[PDB]
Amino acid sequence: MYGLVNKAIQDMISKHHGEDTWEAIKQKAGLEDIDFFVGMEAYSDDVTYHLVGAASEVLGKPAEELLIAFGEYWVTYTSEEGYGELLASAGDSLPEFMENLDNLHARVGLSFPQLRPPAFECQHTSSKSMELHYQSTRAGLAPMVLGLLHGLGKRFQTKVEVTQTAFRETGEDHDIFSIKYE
């Protein structure tokens, strides 16, 4: 993924655990060569998976948990590191924001020419609930989506309840979530 994603993981782990711990993790991932991540340069997805895998070990938390946390963190990181207006432009409630996501990622993708963004479809089952379809070229990021949704729930002062009802990992076409909010 683009280096932005990996900087943010770095920033999260430094801010929360210090730079020694970050360096430990970076060393463990086999990425000590890399002095800094370049925000708008494409890296191999491996770099991200290795970082999370390395951080699970060092921190003694499962990988899924780090992904959930990173997902929440991202919502705050983007508002603060150069994407705040883009974020604000994408809506001011959870269901509007998720309807606008594919277009948010497309705008980001004018500027990040090799972007492989995910795709999100909403099927609203009422004014306070939806079925959310997450389609990705990648595997293993559902728990990050879960964290992102909670971050968005914070951003909009909205309580969100999320449960995954279909699983791309098991050979189903894609991850599906049922969501209830406020």
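Start at 1 and count along the sequence shown; that's the residue number.
- As recorded in the PDB entry, 107-115 is the stretch of 107-115 and 81-89 with the greater mean C-alpha temperature factor.
- Higher mean CA B-factor, judged across 20-28 and 168-176 from the recorded values: 20-28.
- Highest CA B-factor among the listed residues (70, 43, 120, 156): 43.
- Highest C-alpha temperature factor among 130, 145, 34, 152 per the entry: 34.
- The deposited CA B-factor of residue 56 belongs to the highest third of values across its chain.
- Annotation for residue 9: C-alpha temperature factor in the middle third relative to the rest of the modelled chain, per the entry.
- For residue 139, the recorded CA temperature factor ranks within the middle third of the chain's modelled residues.
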